[PDB]
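A single chain, nothing else alongside it, follows as structure tokens in the form deposited in one PDB entry.
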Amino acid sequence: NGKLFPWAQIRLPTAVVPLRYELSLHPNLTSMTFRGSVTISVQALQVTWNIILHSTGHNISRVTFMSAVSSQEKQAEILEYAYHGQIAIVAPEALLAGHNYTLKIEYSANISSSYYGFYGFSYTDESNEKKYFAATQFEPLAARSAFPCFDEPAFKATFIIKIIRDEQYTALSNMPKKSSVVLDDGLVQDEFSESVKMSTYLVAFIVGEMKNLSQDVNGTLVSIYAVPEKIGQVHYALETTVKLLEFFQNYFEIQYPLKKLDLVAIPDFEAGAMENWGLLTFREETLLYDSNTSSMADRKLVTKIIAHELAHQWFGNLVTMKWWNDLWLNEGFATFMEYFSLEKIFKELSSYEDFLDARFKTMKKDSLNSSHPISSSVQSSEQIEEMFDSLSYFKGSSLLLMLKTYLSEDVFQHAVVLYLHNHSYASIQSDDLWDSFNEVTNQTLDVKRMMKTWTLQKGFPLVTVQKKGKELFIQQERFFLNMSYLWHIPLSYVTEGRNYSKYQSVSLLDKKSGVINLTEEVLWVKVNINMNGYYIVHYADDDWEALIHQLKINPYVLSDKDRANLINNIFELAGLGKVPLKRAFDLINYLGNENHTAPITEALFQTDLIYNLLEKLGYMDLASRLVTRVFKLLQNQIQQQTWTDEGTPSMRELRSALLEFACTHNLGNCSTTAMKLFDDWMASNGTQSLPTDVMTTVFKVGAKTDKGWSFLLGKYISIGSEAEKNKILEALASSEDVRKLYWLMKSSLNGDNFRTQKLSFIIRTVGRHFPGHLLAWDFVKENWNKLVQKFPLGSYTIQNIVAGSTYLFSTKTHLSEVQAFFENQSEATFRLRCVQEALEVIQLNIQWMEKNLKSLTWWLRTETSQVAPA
């Protein structure tokens, strides 16, 4: 490319840093263009002739350069290097160390039609009037497409934003609006206060018609914004935000430093949310809430995501990673605080179940060979994007969970408060976090050397346990399936002596192996309590047998988390090969006596995975026998379920999980009950309320008919609750009619009836069942370039689409097909982690069948199929 561009690396030089930006913009939402002026106050730290900077998609009309002393307005030369998104201003005289200069760039651009950058869209009223909207989504690398800037997290500065807007529209930004000035035509010029020192990826602005619901919290004005038709649905978000804000301010011991806090429901938005200082943005479906149209799950989603964005105000905004290799310092911490804060002041939501489920999934991902270390180098935009995955979020927060469990809660909070004070308005890398722990630790434990392997090595240990009399023999090794270094592991363990008293302790495995002294003789022992540790445990056969026998005798000597753990671990170990798959089904035979959600949903997960693998291979009979077996196992919990909203949140989640399992596979007469409810709902023009906990199920069953499908579509394009629309959309995309499934995907990719923000979800849903299995993948291939135009390589959305439409493939023939497809895209695309993980998941699918197919075929030989065999 550009050997004639005065910079080669992807990280900007350190020679010049920005102090202040004054950015004034004139967006035209109608024509979808904008004109701009950016003034950048910089300082040189070394002698240099070049200012290297970021800019993309900018038609640059004038570039002036002012020596601060000299105050005369020069012209300066400009070079471009599109590959790295970089531009270079070559200076008339050399920049001297410690001198100040002002850089002014005038330019015009397009308002983006993706979800990335400064983007804009139109939506439709209840009034059937067309409305326009513009919003920013900059993280990680899009700020540079709205304005020239030093677009790297470590270059923090202050921003003065100016927006020209039509009088009817409201403009928002990070800071409070300082003033307005009326302009010719129906135009207003807005000016926002100078911001605090922050990263460019956090700059945000919004132009559109909105209303607000507000409340004072001790000098901070908290406001929820939404389009006027929706403003009735923001009361729960406001009440929640106020609670979590007080909580976080008490815990961190550092006040939120802005005079305003805005939370905005954006009509069209790809992420779940974004933490821009003072102007947090959300999908409508993740911030709006109505008790009568939104399920329990929907309420949890809104509480969780608000906790998450609020936590970012400290971890991410106040304190920020130096570079994307340490993204987990943001996202791990924010995820940890999300689930921590809910357990403190929303304990009734049982959000710990979600945390637990997400970790199960992150481990399966982490166990692959195409995993990276959680802190790993990123040297391209694709790798930067790829950091936004479940490792950085859920492994990062489970590292912290391990650490908090092992030290104390108070020792943890002390470390945290030191950390945020010491690095306020500044940048960090992994070592600073361990340093802050070391200061509180009293060098009793060297936390830096304890966390070394956890942060720099991929994967996690398999811990093997064998009871030799009154002592546990213990080993660690890399967990992975084939086709290094030691962890410092906090081994917790709980146990029951011969006299039925329970003892629990903690030791720390530093070496390859160790012995634990048990003090007594024990009936059973369970390692890794509540899965507070990020590893999997394998027992010797005698010791598996003891836990499996105790579950059959009285499962409640362990927690629901403990029993969920065991179910997960034994299935992942039967997949590797360390135990026969039969052993896993022995362990879940106790489920007839299980009343907690977490172990039941974890078993329902493994069952469905296996079911869906067999179904796509065409082993229909065998797959029906499998869910019949599991159905008989849970027959009593399933049959005692009511079709209501009664019970604790957790019990409400169990109802949904159980009824959904029975209706999907046509077991019992749940289908009949659901259809009766749908017909009565449909014949009442959606008036006779459906209990929010059974809607998805009822809608799925109705959508299996033309008459019902059409009627649901009619509701989707017209009702005002985005929560209900989402349950409807899931039903539509569960139709067995291929023409309809094709229409849903094509419509969403174009906008039209469904927004493109629903596309990954629609494709996910279509690819999961048999009629749409081949259709989703084909859709992804044929529209591959249009997808990448809307969602760059290799962002979260694309990795979601690739994974969700390939992970149920289990033959060599599909493996070759998927591989060949990506190799014809480009060698760069085929070498993406996204692609490599998909190829690896398929290979594992293939090995899984060749190990367990004949086993499963034998175990189920007497069970009754539901389908006729071919």
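A residue's number is simply how far along the shown sequence it sits, counting from 1. For clarity, a rigid core is taken as the largest C-alpha set superposing within 1.5 Å between two forms.
Modelling of residue 483 is missing from a third or more of the other compared entries in which both of its neighbours are modelled. Compared against other deposited entries of this protein, residue 67 counts as often unmodelled, lacking coordinates in at least a third of those that resolve the residues around it.
Missing coordinates between residue 182 and residue 183 amount to none of the deposited residues, so the segment is unbroken. In this entry, 520-528 has the higher mean Cα B-factor, the comparison being between 520-528 and 386-394.
Relative to one another, 771-779 and 403-411 have unequal mean CA B-factors, and 403-411 is the one with the higher figure. The PDB entry assigns the greatest CA B-factor among 165, 144, 632, 764 to 632.
For the set 464, 199, 313, 71, the maximum C-alpha B-factor listed in the entry falls on 71. Annotation for residue 853: CA B-factor lies in the middle third of the chain's modelled residues.
For residue 828, the recorded CA B-factor ranks within the highest third of the chain. Only modelled residues enter the ranking. Ranked against the other modelled residues of its chain, the C-alpha B-factor of residue 445 as given in the entry falls in the highest third. In the deposited entry, the Cα temperature factor of residue 60 places it in the middle third of its chain's modelled residues. In the PDB entry, a CA B factor belonging to the lowest third of its chain's modelled residues is recorded for residue 151.
Separately, the form deposited in another entry exists; it is not shown, and the next lines address it.
After superposition on the rigid core, the single residue among 161, 694, 741, 491 whose C-alpha moves by 2 Å or more between the shown form and the other one is 161. Once the rigid core is overlaid between the shown form and the other one, residue 804 does not reach a Cα shift of 2 Å, moving by less than that. Positional change of residue 221 between the shown form and the other one reaches 2 Å or more at the C-alpha, relative to the superposed core.
After superposition on the rigid core, the Cα atom of residue 130 is displaced by 2 Å or more between the shown form and the other one.
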